[PDB]
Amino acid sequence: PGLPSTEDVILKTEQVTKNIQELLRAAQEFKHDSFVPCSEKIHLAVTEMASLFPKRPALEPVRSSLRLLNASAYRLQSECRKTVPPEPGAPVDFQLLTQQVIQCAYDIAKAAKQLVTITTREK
C-alpha cells in the first residue's frame, strides 16, 4: 500500500465536504437533533478517506494530516452526543455546542484539504 490516486482522494474528500456542508446547514437552521446523525455520516466519510492511505504512512505530512483528521472527527462525535441527553429536553448550551461542533468540522476540512494537496504533489 502506497499513496492513493488523486481521483480516489477527491471522491472521498467530496463525501467528507458534502457531509460537513450538511452539518453546517443543520447548525444554521437549528436542526440540533440532526447533529448526531450528521456526525456519524462525517465520521464514516472520514474513516473511508483515511483508509485510502497506508496503515503506517511513510510521509510525515500524511501522518500529521491523518492525525488531525481522525482526532477532529472523534472530537466532533464527542460534542454531538450532547444533543441526545438521557433525559429528553435537558438543559444544553446550544451556542457553546454549535461553536464546538463547527470548530471540529473546520479542522476536519483543514486536514482533508491538506491530504488532497499532499496526494496531488506526489503525482
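Sequential numbering from 1, following the sequence displayed.
Tell me which of 8-16 and 102-110 has the higher mean C-alpha B-factor in the deposited entry.
Mean CA B-factor is higher for 8-16.
According to the deposited model, is the average Cα temperature factor higher in 48-56 or in 82-90?
Higher mean C-alpha B-factor: 82-90.
Criterion, highest CA B-factor; candidates, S64, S39, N70, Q28:
That would be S39, according to the entry.
Ranked against its chain, the third holding the CA B-factor of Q77
Its C-alpha B-factor belongs to the lowest third of this chain's values.
Which third, lowest, middle or highest, does the C-alpha temperature factor of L3 belong to within its own chain?
For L3, the deposited C-alpha B-factor lands in the highest third.
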